[PDB]
Protein chains: 2
Amino acid sequence: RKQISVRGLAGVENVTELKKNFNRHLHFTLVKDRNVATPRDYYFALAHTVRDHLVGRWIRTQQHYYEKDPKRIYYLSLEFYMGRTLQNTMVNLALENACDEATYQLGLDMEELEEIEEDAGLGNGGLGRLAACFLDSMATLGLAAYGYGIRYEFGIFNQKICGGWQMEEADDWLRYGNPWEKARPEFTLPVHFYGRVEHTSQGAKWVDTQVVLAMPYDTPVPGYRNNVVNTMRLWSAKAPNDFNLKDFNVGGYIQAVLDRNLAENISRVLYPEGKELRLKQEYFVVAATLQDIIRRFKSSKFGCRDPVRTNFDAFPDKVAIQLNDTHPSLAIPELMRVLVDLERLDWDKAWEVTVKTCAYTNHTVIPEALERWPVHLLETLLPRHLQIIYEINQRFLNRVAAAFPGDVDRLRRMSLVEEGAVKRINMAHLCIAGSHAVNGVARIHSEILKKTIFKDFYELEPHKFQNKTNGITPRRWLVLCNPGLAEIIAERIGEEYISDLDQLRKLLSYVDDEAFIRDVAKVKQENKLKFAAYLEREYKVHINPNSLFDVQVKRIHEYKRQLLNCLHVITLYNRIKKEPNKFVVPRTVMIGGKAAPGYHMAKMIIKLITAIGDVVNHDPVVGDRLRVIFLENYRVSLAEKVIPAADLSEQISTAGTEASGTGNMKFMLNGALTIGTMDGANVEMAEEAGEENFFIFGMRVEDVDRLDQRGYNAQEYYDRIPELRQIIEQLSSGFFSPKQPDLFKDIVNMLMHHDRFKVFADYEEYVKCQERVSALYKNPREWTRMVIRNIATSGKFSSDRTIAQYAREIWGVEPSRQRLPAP
Amino acid sequence: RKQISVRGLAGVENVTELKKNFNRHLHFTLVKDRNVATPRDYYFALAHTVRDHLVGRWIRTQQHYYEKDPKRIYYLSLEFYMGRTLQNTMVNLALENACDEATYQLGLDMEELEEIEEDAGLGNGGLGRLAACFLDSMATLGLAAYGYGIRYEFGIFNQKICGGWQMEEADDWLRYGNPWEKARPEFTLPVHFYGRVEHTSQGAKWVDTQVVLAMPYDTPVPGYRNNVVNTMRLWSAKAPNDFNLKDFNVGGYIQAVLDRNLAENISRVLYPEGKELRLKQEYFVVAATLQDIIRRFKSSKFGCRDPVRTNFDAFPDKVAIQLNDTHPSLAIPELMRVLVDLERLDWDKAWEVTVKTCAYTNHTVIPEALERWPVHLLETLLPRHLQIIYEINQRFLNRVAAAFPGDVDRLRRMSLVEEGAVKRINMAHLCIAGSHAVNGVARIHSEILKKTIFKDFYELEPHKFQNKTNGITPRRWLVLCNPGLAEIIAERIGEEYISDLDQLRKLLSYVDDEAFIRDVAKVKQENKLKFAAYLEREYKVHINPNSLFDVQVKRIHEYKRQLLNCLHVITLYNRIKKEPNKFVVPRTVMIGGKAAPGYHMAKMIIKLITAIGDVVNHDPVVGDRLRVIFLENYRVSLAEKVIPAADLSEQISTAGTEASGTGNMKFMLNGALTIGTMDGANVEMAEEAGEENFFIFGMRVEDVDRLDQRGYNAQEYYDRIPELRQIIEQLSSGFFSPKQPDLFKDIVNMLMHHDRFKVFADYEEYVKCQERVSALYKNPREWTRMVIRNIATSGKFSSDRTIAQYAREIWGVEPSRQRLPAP
Ligand SMILES: Nc1ncnc2c1ncn2[C@@H]1O[C@H](COP(=O)(O)O)[C@@H](O)[C@H]1O
Ligand SMILES: Nc1ncnc2c1ncn2[C@@H]1O[C@H](COP(=O)(O)O)[C@@H](O)[C@H]1O
Ligand SMILES: *Cc1c(COP(=O)(O)O)cnc(C)c1O
Ligand SMILES: *Cc1c(COP(=O)(O)O)cnc(C)c1O
C-alpha cells in the first residue's frame, strides 16, 4: 500500500528519458500522432514533459509542509499576470538545456514552440504582475505560501491597432486547454449570495440564499533551483445545474437561464466603478478561499492537534491571509461570519483572531480611488455581511472614542460607513480596522499613507503601519528575458546573485573597465538586434538598429504622460525637419500599453501616437533619424522581449501620482537608464544608483501642490514656449491628420484649457533634460559606464527582498535558501 | 521527426511496468497522492494505465487504415449504450489478469475500482446496446468502421424508486470527467440552422443561418485480442460565444443568452415527439458527421486518386453510411445537399451516390411508430433540406408511375408527404428512396416489412430488402459478465469459441457427461449466490440462492407485459396461502425496468410490484417460497449482473408486438431458460434450440387476430376463471394497496375494459406453463441438460454473425478476424 509513491517515475535530466516522456505525452496523453500533430501539439507535448517534473517536486514540497506544519501564507489577489510558463519552468527547474537537446534530435525547434504559448490571461496590470513575482520569490525563499484568485476564461481583452485605432480583440487564451492547471471537481464548494438573516437563539441564520459553485484549478509554481513547488489555486464558477426541473422552480419558467449565465460569469472576465458583478467576484473568490483555509487548518494535523476546538486560538500562528489592494477585503467580515455564525467563537474571540490573521498592501495614492461599495448593494447580495460590517465599525468607533474623547469629527472622518449622496462603505477603512499591519508599497507612498491619507488611523494605531517596497523577480526579469546579460554578470561574481540580487553591487568594481564595458554593451547589442528583427516579422516598421530606444510601456492614461512624450517627438520631428542635416542622435521612440475601454482620452492618445507614426515615418527628411512606434498588445511576454532592448526608460508621470512602479525597476536592471520625475520608487532607484546616475527631472510634489494653490493656466506656457506654440498649432491645422484635421481637437482643449496633470508645466524642462541624454548617448563609453553603475544598484529591488521583509516584520516566518531534497 | 514514434512505450503484460505506470498516473496525471487519494482517484489511475495500451493500438490501427485505405463504414445512430469500459478494455486486451496482480500488490481490490466507474450514460435502450454491440464486433472482424452519435452530457435519467414510485433522478455521468474520451477542440465543425435558401445562376445558397458548432470527443473501441481499436466520435453542441460584443447584437439586448442555451441542449439530454429539439439533434449529428466523412474521403489518399471529381463516383466504393433507424435519415437530403450545392455534381450523379451509399436498418413492428416531421418545421429550420426532400419525392413518384402506370393510389401511398390536418414527410419512406438496402432485424419482422408496411416499396424494389438478425457479443455478454460459465466452457472446447460462438455446438457432446452437468450448475449457483449478496448490499431484502430466480428486465410498458407477470405472482402467492403446507418450488421473482417519464400506466405497474412485494415479502406464511423485487434502475452494469444469475427469462410479450429483442439472446448464452410467447426472437431462438428446450406458450399471432376479429370481451375471461376473479378483486378491494385501496383502479379498469394486449387471454396457458416450469427445476440434472442444449445453440446470436452478414451483403467488405501486429 505505501507501494504507491513518487520515488522512481521521472529519471529527470536524461535527454533520453525526456524524449521518452515527450513521445509518451504526444501519443497517449494528447491521443495524437506525428502524421497529424501541429506545432501546438508538440508544444503541449513539451509542456507536459516539463510538467511531470514540477508535480514530482510539488507532491514532495506539499507533503513536506504537512509534516513540518508551517505557517501557511495565503496571498489573496483578483489578478495574477503570469504569462508563459514553459521557459520559466525550465530555467527554474534546471531543465533548460536538456529540453533543447531533445527537441533538436526530434527535429523540432524549441523556440518555435514556446512562442506558441498564450500569455496566461489571469492578470491585467502591475497589481497582478507584482503578485506573480511574489509567488516565485515566496517559493524560492521556501515559505509555505499559496496564491489565490479567480480563473478568468477570457483573461482581459487583447489589443488590436485597427486603423491605428484600438479594437480590443477577445482573449480566450484557454480555448485549447492549459497543460499547467489541473481541475479539481472533488473540491467544489458553495459561494452563497442574496438571502435573508433570521436572528435565531444561538445567533442567526442566513436563509434562502442563491448559491453558485466554486470549483478550483491548481497550477504549481517552482522556486529557483531549490525544488519547492507551491500551489496557485484559481477558482471557477459553475452554476447549480438542476436546470430542467430540480427544485420545481423551473418548469414554471426558465428564467434560471439567467442564474446559469450570470453566476457563470463571475469567472468569465477580468475588468480592464459600481457593479453588482465586480462585488459578486470579490465575495466569490474570498468565500471559497476561506472555505479552503479553515479546511487545511482544521485537518493539517489539527484534527490530530486540536487542544482547543481545532481552534482558531492558534489560527494566527498557523495561517496568514494577505489582502492585495482593497479587492479581497471581504475576507475580514467573512472570517467573522464563518467564525461566529458557523462555528460559534464569541464575537471578541473571533475578532482577535481576524486582526491577528490579516494584512493589507495598499496600492492607491489618491483617496478618490479607494474602493467603496453602496450599502444597498451590500445589503442586497450580502445581507449578513452588512450586519457584520456595521458591528465591527461600531466597535471601532467605541475604541476611537476612548482614545480621543470628543473629537466628534474624528468619529465621522474615520467610520466604515460614509454618508453622502448614497451611504457607502469604505473598504480600506474596513481593512485597516481589520488587519494587524497595513503597508504601503513605496518609501514615499507609505509616508503619505501615514501623514495624510490614513493619518487618523495612523494616530490611533501607529504600530500597524509599515513599508514593503515593490520588486521584480530576477529570474523572469533578468535571466529569462536577458540571458547573456545574466551570463557576463555571473561570470564576474557567482550564481548566488539571481537569488541574492544586491551582490550585483560587486560589479561596481568594474565601472571603468573597458572589458565589462564592450561586454555589457555586447549583450545589449544582441538584445537590440533580436528585438530589431521581431518588429518586422511580428508587425513591420523600419527601425535603424543604431538608434536611441526611448521606451515607455505603461497603462495609457493622462497621469502617466504619453502626451508630453508625443509633444517632445513632435518637437524633434520639426527640429530634424527645419534643420534637415543637423547632427542629432537618432531615437526610435516606442510607446506601448493598452487603453481602458470606453475611456475616450486614452483611446484618443493612442490615435495621436499612431498618427505621428505615419507622418514622420514616411517623411523623407527624417530618413532614419526619428521613428515613432505604438507597441500593439503590449503584455508580459512583450515586456520580456522589449525591456532587454531598452536604452532609455521613460518614467514621466506627474509628481505625486505614482504609488511605486515596477516596470521601472525592470528597465534599471536590464541596463536601461531611466528618464523620469521624482515619483513613487523612481526615488529609491536614485538612493542607490546615485542622483547623477539617473535623469530625474521636472516638478517634484511641492511645485504641483504650489501650482494647484496659485492656479495653473496652460495658456501662459503656450504663449512663451515657442516650439510648443508651433506644434499645438500644427495639431489643430490637422498636420497630423489631413482627413479629419479637426480630429485631435479634444487633445488640444484638454491641454490648452483643462489639464489636471500639468503636461505643459513639465514640457520645458523635459526637452532640455532629454538633450542631456542625447549628449550622453553619443559618448558611448560614459553612456555604458552609467548603464553598469545602474545594474550594480538593482539589488534592493528583488521580490526576494520584499518577500523576505513581508516574511520578517508581518508574517512571522523566516526565509530559507535551502534546496529541498528529492524527486 | 521520425524519432517521434509509437515504438517504445510497451511494457504490456509486465506487472512491474503496469504498477510503475499506475503510479505515474496517480502522481503526475491525476496530480494526486496516496495521502490524499480516494477510491475514485484509484479507479481513475487504473483507467489511464490501460488507456496507454488502448490509444497506442488505436494510433497503429488508424495509421493502418490510411496506409491500406479500406472502405470505411460509418454507423450513425443517436444512442450508444456503451456501459462501462475498464474490465472490457482489459479482457479484449488480455490485461485482465495483469491488472489484478499489479493492484493486488498495491493493496487495492480490482472489483472495488470497477464499481466506481459510471456506466457510459450514452444511451437508453435496445437500439443503443445493439449499436455498441455491433461496434465491438465491427472491430473483432477487422472493419474500418467508425461510431458517430451524440454525446449526452446528462444522459437519460437514473431511475430511483421513492416508496414505490418512479422518481427520475439525472445522469450526469460526466460529473467527474470520463478517462476514455479525449475532447478534440481542434476539430470543431459548424452545423447550420434556419436561414433562407437564396437561388442564383448555378444553384442555391442557404444564407442567413444560425450556426451551432459541433465539437467532437473520441473514445477508442477495442476488438477482442486482434489489436484493432476503432473510433466512436461523439459530437457536443457548443454555441459560438462572441455573444458579449461581436456582431453588435448583445449590448442592445442579451436575450441572446437563449441562443447559447438552446444551442447547448442539443447535447444536454436524451429522450425517454414533434420537438424542434429532437429534430435539431438528429440533423446536428448528421451535418456534423458528413463533414468528417467527406473530409476523410477527400484526404485518404483520394486527393491522390482523384482522376475525376475526387469522384464522388468512387465515393460509395470507399464509404458506407448505416442509418440505424429513421433518426439519421437527414443523412440522405444532407449528403445530397453538400454534393449538389457545394461541390456541383448534377442531381442524377449525386442521387446515384446517395443511393449506392446509404443503407437503412428498421426496428419497428408497426406502421404507427414511423417518424414523420411536419413540413412547417422542416421549412422553418431546415429550408434547403425541405426543397431536396421535395425533388427527391417528385422524382420517386415518377419511377413509381412509370412502373405502375395508372395506379394513382400507389402514388399517394408512396409519397414522402403525408396528407391531412398537418402535412408530414414520412421519414421512413425517405430512407427507402435514398438507401440501396432496407433490412429487418429478425426473419418475421423483415417479413411483415415486405408483406405489410412497405410491400408497395417491396414491389417497386425487391432487391433492397434484406434481413439481418440482431445479436449480442459473446465478449461482453458471456466472457466478461460471466467468466464462470465461460471457464467451464473454455476447458472442454477451447478459447476459440469467443470469436466463433457456433463452436458452442460442440457443447452438445457433453450433455451426458455428468461432470459438466454439475460444472454448469455449480457456476449458476455461484452466480445467483453472488447476486443474492448484491441484493443485501447495494440495497437489501432477504434472498434465498436455491430458489428459482425468475427474471423480467424489459422496459416497463403495457405490451411488454409485466402486468401478466404480476397477476401470475399473485396467483402463486395465494396458492402458498390457501394450503401453506403443500411444498411449492420456491421463486425469487425479480421484475426490473425503467418506465417512461410521464407514462401513467407504466408508472403504475412499477408501483404495483413495489406493493405486491411489501405484502408477500413480509408475510410469514411464505417464508421464502416466493418473493418479489423490482430492480431499481435497470442498465447495462446491472444486466451484466442479473442476466448471469437468472434461471427463467420472462419474455412474455403479446404475440405480433416485438420485432427482435437482444435481451432474449443474453439469457440463453448464460444458461437460463426462456418462457414466452411465439413472437420475433423467441421464434429463432426456439428454432436453433428445439421447441422442447424452450417454454413457448400463449396466443400465437393467428390467435390474437382471431380474438380481435371477434372482439376481445375480457369480461368473459374474468367470468370463467376463478383464480383470476380472485386476483382481480384482490387489487381493487385494495389488498395490495391498503392505505389507499382505490389506488390501483386505473389498472383494474384498464385491464377489465381497455387492455389492448389481452393480458387475460394469456393468463391460463401461461400460469399452466409456469406449473411445467417448476416441474423441471425440481429435477436439477435434467434442468441443467436443457440448459446445456440451450447454451450450445446460441452461436447464431453473436453480433459477429450479424455484422459479418452486414459486411458481406450490404457494406460490401469481407470480415477479417486477423490480428493486426501492434504496437
Ligand atoms: N495529511 C497529509 N499528509 C501528507 N501529505 C498531505 C496530506 N494532505 C495533503 N497532502 C499533500 O499536500 C497536497 C495539498 O493538499 P491540500 O491541502 O489538501 O490541497 C496534496 O496533493 C498532497 O501532496
Ligand atoms: N494521412 C495519415 N497518415 C497516417 N496516419 C494518419 C493519417 N491521417 C490520420 N492518421 C491517423 O489516424 C488517426 C485518426 O484520423 P482521423 O481519421 O483524421 O480521425 C490520426 O490521429 C492519426 O493517428
Ligand atoms: C512590469 C510590467 C508592467 C509595469 O508597469 P509600471 O507602471 O511600470 O509598473 C506593465 N506590464 C507588464 C506586462 C509588466 O510585466
Ligand atoms: C440488452 C439490453 C436491453 C435490451 O432490451 P430488450 O427489450 O430485452 O431487447 C435493454 N436494456 C439493457 C440494459 C440491455 O443491456
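Chain B uses Swiss-Prot numbers throughout; the residues present, in order, are 11-282, 288-838.
Header lists the method as X-ray crystallography, 2.9 Å.
Heads up, the Cβ atoms here are built off N, Cα and C, so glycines get one too.
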Query raised in the report: Can you check which of B:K290, B:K465, B:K593, B:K681 Swiss-Prot annotates as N6-(pyridoxal phosphate)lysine?
Result: B:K681
**Report entry** Candidate sharing the AMP site with B:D43, B:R310, B:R311, B:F312, B:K313, B:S314, B:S315, B:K316, B:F317, B:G318, B:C319 (per Swiss-Prot), from B:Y76, B:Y281, B:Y298
**Finding:** B:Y76
Query raised in the report: In whole Å, how far is B:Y156 (site 'Can be labeled by an AMP analog') from B:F312 (AMP binding site) when you measure between their Cα atoms?
Result: 13
Report summary line: Same chain, |i - j| six or more, Cβ under 8 Å of B:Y227 (phosphotyrosine); the result in sequence order is B:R161, B:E191, B:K192, B:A193, B:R194, B:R243, B:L244, B:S246
Requested in this report: Would you pick out, from the recorded positions B:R310, B:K316, B:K681, the residue whose Cβ has the largest number of other Cβ atoms within 10 Å?
Outcome: B:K681
Query raised in the report: When a 10 Å sphere is centred on the Cβ of B:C109 (site 'Involved in the association of subunits'), how many other Cβ atoms does it contain?
Result: 24
**Report entry** Candidates near ligand 1 among the recorded positions B:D43, B:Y156, B:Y204, B:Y227, B:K681, B:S747, judged by a Cβ under 6 angstroms
**Finding:** B:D43
Query - Chain A neighbours, filtered from recorded positions B:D43, B:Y227, B:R310, B:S747, B:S748, Cβ-Cβ distance under 8 Å - result: B:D43
Requested in this report: Can you grab the distance from B:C143 (site 'Involved in the association of subunits') over to B:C109 (site 'Involved in the association of subunits')? Cα atoms, rounded to a whole Å.
Outcome: 24
Query raised in the report: Which residues in the same chain, at least 6 apart in sequence, have a Cβ under 8 Å from the Cβ of B:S514 (phosphoserine)?
Result: B:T150, B:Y234, B:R235, B:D815, B:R832
Query raised in the report: Does DSSP put B:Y227 (phosphotyrosine) in a helix, in a strand, or in coil?
Result: strand
Report task. Measuring CA to CA, name the entry from the modified residues B:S15, B:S430, B:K681 that ends up nearest B:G318 (AMP binding site). Result -> B:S15
Query - Per-residue Cβ crowding (10 Å cut-off), top of recorded positions B:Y156, B:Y204, B:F312, B:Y473 - result: B:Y156
Requested in this report: Find the shortest Cα-Cα separation between B:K681 (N6-(pyridoxal phosphate)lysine) and the recorded positions B:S15, B:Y156, B:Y204, B:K316, B:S748, and name the residue that gives it.
Outcome: B:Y156
Query - Candidates B:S15, B:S430, B:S747, B:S748 (modified residues) - the one closest to B:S314 (AMP binding site) by CA - result: B:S15
Report summary line: Given the recorded positions B:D43, B:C143, B:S314, B:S430, B:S747, the candidate whose Cβ has the fewest other Cβ atoms within 10 Å is B:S314
**Report entry** Reduced DSSP assignment, B:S430 (phosphoserine)
**Finding:** coil
